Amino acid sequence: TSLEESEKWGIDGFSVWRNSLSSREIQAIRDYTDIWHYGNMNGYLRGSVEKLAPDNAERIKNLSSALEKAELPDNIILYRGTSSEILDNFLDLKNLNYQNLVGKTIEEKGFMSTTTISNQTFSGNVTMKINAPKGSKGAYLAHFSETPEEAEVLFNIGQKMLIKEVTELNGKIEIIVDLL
């Protein structure tokens, strides 16, 4: 909940993981913090980009190898800002009923970024509150971005999230999900 509590959690649970990463694993994590690399990696995994470039293939391989060695040390609640475009296949776009999303499973084919800190205003019209169970394939990332305060938990590809409840107000949608 607190940044201090988030940083202690990250150190206690991911110090061994981080000091055991190869140089190419570290570079792939740093590269992912570059929005240009982010778009190329997640674009391909999601299918918005059809062609697989060898260099993108290598970055994805090294990031996935890194996160495959990581596991959440306990159950934690994480946060993610996103867009309603991820829900468009689940809705009647001319008769929007967000309550009918309850029970649907969202899949993220790419890497999934989350933050441990809820006391922030996210960019976009969907906020997700994620109940992440112990043992999930995510890693706390400290000192990997150019933002020293960044409190990030990055999940490996293919996470699935079951929608448990929905709140809507002025086109701003809050979604509570269980990470499967």
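Quick note: we count residues from 1 along the sequence shown, nothing fancier.
Regarding 119-127 and 59-67, which shows the higher C-alpha temperature factor on average in the entry?
Between 119-127 and 59-67, it is 119-127.
I need to verify one thing: averaged over C-alpha atoms only, is the B-factor higher for 34-42 or for 145-153?
Averaging CA B-factors over each stretch, the winner is 145-153.
Given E85, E108, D74, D92, identify the residue with the highest C-alpha B factor in the PDB entry.
Highest C-alpha B-factor among the listed options: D74.
Going by the entry, which third of its chain does the Cα temperature factor of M112 land in?
According to the entry, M112 has a C-alpha B-factor in the chain's lowest third.
Which third of the chain does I29 land in by C-alpha B-factor: lowest, middle or highest?
As the PDB entry reports it, the C-alpha B-factor of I29 lands in the lowest third of its chain.
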